[PDB]
Amino acid sequence: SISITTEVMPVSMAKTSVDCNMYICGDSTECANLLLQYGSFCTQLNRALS
Amino acid sequence: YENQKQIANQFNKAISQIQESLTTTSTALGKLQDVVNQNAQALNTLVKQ
Amino acid sequence: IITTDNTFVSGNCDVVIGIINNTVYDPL
Ligand SMILES: *[C@@H]1O[C@H](CO)[C@@H](O)[C@H](O)[C@H]1NC(C)=O
Ligand SMILES: *[C@@H]1O[C@H](CO)[C@@H](O)[C@H](O)[C@H]1NC(C)=O
């Protein structure tokens, strides 16, 4: 007999990004100056997601 | 067995072409470069923090 | 034993490098 069989494989997922200042601080100027004290944490997570 | 000289000549020319493509400044070894870069990048971050 | 059953024929004895002289038995 001749049989035909299905196999389903995932290839990719969704490409997502976050604005680190918009998530953490929103539109605040005080929060941005307080977040500057942590060094480079937003750049590193943006680089990983990219 | 009847085409041995031609096959040897083609083998020799392909070997010669590899060491020219690996001389004319290609970026075929970028997979080995990226790894190096990644290490440096991560470690540089640990210093600046 | 080298016979015609386990051997095949191709061309003349002029282009292969290293060919020798030997007999090939045939079962007639
Ligand atoms: C093997 O090497 C010898 C020595 O040069 C040479 O006379 C002979 O023809 C060679 N045989 C083959 C099959 O290349
Ligand atoms: C095989 O026999 C032929 C006879 O026609 C001869 O010319 C040839 O030299 C022989 N082969 C060798 C390797 O001597």
# chains A, B, ... in the order shown; residues from 1 in each chain; ligands from 1
$ closest_atom_pairs --of "chain C" --to "chain B" --cutoff "12 Å" --atoms "only C-alpha atoms" --output "JSON lines"
{"residue": "C:10", "atom": "CA", "partner": "B:2", "partner_atom": "CA", "distance": 9.6}
{"residue": "C:11", "atom": "CA", "partner": "B:2", "partner_atom": "CA", "distance": 8.9}
{"residue": "C:12", "atom": "CA", "partner": "B:2", "partner_atom": "CA", "distance": 10.1}
{"residue": "C:13", "atom": "CA", "partner": "B:2", "partner_atom": "CA", "distance": 10.4}
{"residue": "C:14", "atom": "CA", "partner": "B:2", "partner_atom": "CA", "distance": 9.4}
{"residue": "C:15", "atom": "CA", "partner": "B:2", "partner_atom": "CA", "distance": 5.9}
{"residue": "C:16", "atom": "CA", "partner": "B:2", "partner_atom": "CA", "distance": 5.7}
{"residue": "C:17", "atom": "CA", "partner": "B:1", "partner_atom": "CA", "distance": 7.5}
{"residue": "C:18", "atom": "CA", "partner": "B:1", "partner_atom": "CA", "distance": 9.8}
{"residue": "C:19", "atom": "CA", "partner": "B:1", "partner_atom": "CA", "distance": 10.2}
$ write_last_selection --atoms "N, CA, C and O atoms" --output "PDB file, in the first residue's frame"
ATOM      1  N   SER C  10      35.651  -2.499 -21.463  1.00  0.00           N
ATOM      2  CA  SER C  10      35.518  -1.091 -21.829  1.00  0.00           C
ATOM      3  C   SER C  10      36.795  -0.603 -22.495  1.00  0.00           C
ATOM      4  O   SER C  10      37.815  -0.435 -21.823  1.00  0.00           O
ATOM      5  N   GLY C  11      36.735  -0.356 -23.802  1.00  0.00           N
ATOM      6  CA  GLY C  11      37.817   0.320 -24.493  1.00  0.00           C
ATOM      7  C   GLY C  11      38.987  -0.582 -24.852  1.00  0.00           C
ATOM      8  O   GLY C  11      38.910  -1.812 -24.815  1.00  0.00           O
ATOM      9  N   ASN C  12      40.091   0.065 -25.216  1.00  0.00           N
ATOM     10  CA  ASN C  12      41.320  -0.601 -25.624  1.00  0.00           C
ATOM     11  C   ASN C  12      42.365  -0.509 -24.521  1.00  0.00           C
ATOM     12  O   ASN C  12      42.162   0.128 -23.484  1.00  0.00           O
ATOM     13  N   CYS C  13      43.502  -1.154 -24.759  1.00  0.00           N
ATOM     14  CA  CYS C  13      44.585  -1.215 -23.779  1.00  0.00           C
ATOM     15  C   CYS C  13      45.606  -0.105 -24.024  1.00  0.00           C
ATOM     16  O   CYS C  13      46.813  -0.336 -24.062  1.00  0.00           O
ATOM     17  N   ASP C  14      45.113   1.125 -24.156  1.00  0.00           N
ATOM     18  CA  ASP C  14      45.980   2.241 -24.519  1.00  0.00           C
ATOM     19  C   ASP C  14      45.858   3.461 -23.622  1.00  0.00           C
ATOM     20  O   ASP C  14      46.759   4.303 -23.652  1.00  0.00           O
ATOM     21  N   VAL C  15      44.794   3.599 -22.837  1.00  0.00           N
ATOM     22  CA  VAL C  15      44.561   4.817 -22.076  1.00  0.00           C
ATOM     23  C   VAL C  15      44.678   4.608 -20.569  1.00  0.00           C
ATOM     24  O   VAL C  15      45.005   5.565 -19.846  1.00  0.00           O
ATOM     25  N   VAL C  16      44.499   3.393 -20.063  1.00  0.00           N
ATOM     26  CA  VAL C  16      44.603   3.128 -18.633  1.00  0.00           C
ATOM     27  C   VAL C  16      46.071   3.080 -18.233  1.00  0.00           C
ATOM     28  O   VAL C  16      46.906   2.496 -18.934  1.00  0.00           O
ATOM     29  N   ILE C  17      46.395   3.711 -17.108  1.00  0.00           N
ATOM     30  CA  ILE C  17      47.753   3.762 -16.583  1.00  0.00           C
ATOM     31  C   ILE C  17      47.922   2.601 -15.612  1.00  0.00           C
ATOM     32  O   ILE C  17      47.346   2.606 -14.519  1.00  0.00           O
ATOM     33  N   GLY C  18      48.712   1.610 -15.997  1.00  0.00           N
ATOM     34  CA  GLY C  18      48.988   0.469 -15.159  1.00  0.00           C
ATOM     35  C   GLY C  18      48.311  -0.832 -15.546  1.00  0.00           C
ATOM     36  O   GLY C  18      48.245  -1.739 -14.710  1.00  0.00           O
ATOM     37  N   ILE C  19      47.810  -0.953 -16.776  1.00  0.00           N
ATOM     38  CA  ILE C  19      47.133  -2.171 -17.198  1.00  0.00           C
ATOM     39  C   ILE C  19      48.160  -3.275 -17.442  1.00  0.00           C
ATOM     40  O   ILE C  19      49.306  -3.020 -17.838  1.00  0.00           O
TER      41      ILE C  19
END
$ interface_residues --of "chain A" --to "chain B" --cutoff "9 Å" --atoms "only C-alpha atoms" --output "PDB file with N, CA, C and O atoms, in the first residue's frame"
ATOM      1  N   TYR A  38      21.884  53.260  36.803  1.00  0.00           N
ATOM      2  CA  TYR A  38      22.082  51.821  36.707  1.00  0.00           C
ATOM      3  C   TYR A  38      23.010  51.430  35.570  1.00  0.00           C
ATOM      4  O   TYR A  38      23.208  50.237  35.330  1.00  0.00           O
ATOM      5  N   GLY A  39      23.583  52.400  34.869  1.00  0.00           N
ATOM      6  CA  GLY A  39      24.534  52.094  33.823  1.00  0.00           C
ATOM      7  C   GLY A  39      23.876  51.826  32.491  1.00  0.00           C
ATOM      8  O   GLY A  39      23.035  52.607  32.038  1.00  0.00           O
ATOM      9  N   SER A  40      24.249  50.722  31.852  1.00  0.00           N
ATOM     10  CA  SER A  40      23.678  50.347  30.563  1.00  0.00           C
ATOM     11  C   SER A  40      22.931  49.032  30.745  1.00  0.00           C
ATOM     12  O   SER A  40      23.453  47.945  30.504  1.00  0.00           O
ATOM     13  N   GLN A  44      21.531  46.766  26.745  1.00  0.00           N
ATOM     14  CA  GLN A  44      21.860  45.343  26.704  1.00  0.00           C
ATOM     15  C   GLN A  44      20.640  44.479  26.381  1.00  0.00           C
ATOM     16  O   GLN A  44      20.725  43.554  25.561  1.00  0.00           O
TER      17      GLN A  44
END
$ residues_around --residues "stretch 17-24 of chain A" --least-positions-apart "5" --cutoff "8 Å" --atoms "only C-alpha atoms" --output "list in words"
residues 32, 42, 46, 49 and 50 of chain A
$ write_last_selection --atoms "N, CA and C atoms" --output "short mmCIF file (atom, residue, chain, number, x, y, z; two decimals), in the first residue's frame"
data_model
loop_
_atom_site.label_atom_id
_atom_site.label_comp_id
_atom_site.auth_asym_id
_atom_site.auth_seq_id
_atom_site.Cartn_x
_atom_site.Cartn_y
_atom_site.Cartn_z
N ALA A 32 13.82 59.03 34.33
CA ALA A 32 14.94 58.81 33.42
C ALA A 32 16.29 59.14 34.06
N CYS A 42 19.34 49.13 29.66
CA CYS A 42 18.35 49.13 28.59
C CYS A 42 18.99 48.76 27.25
N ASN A 46 17.89 45.59 24.81
CA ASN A 46 17.55 45.88 23.42
C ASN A 46 18.42 45.09 22.45
N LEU A 49 17.24 41.37 22.43
CA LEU A 49 15.99 41.18 21.70
C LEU A 49 16.19 41.35 20.20
N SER A 50 17.06 42.28 19.80
CA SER A 50 17.38 42.45 18.38
C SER A 50 18.09 41.22 17.82
#
$ residues_around --residues "residue C:22" --least-positions-apart "3" --cutoff "12 Å" --atoms "only C-alpha atoms" --output "ChimeraX atom specification"
/C:1-3,19,25
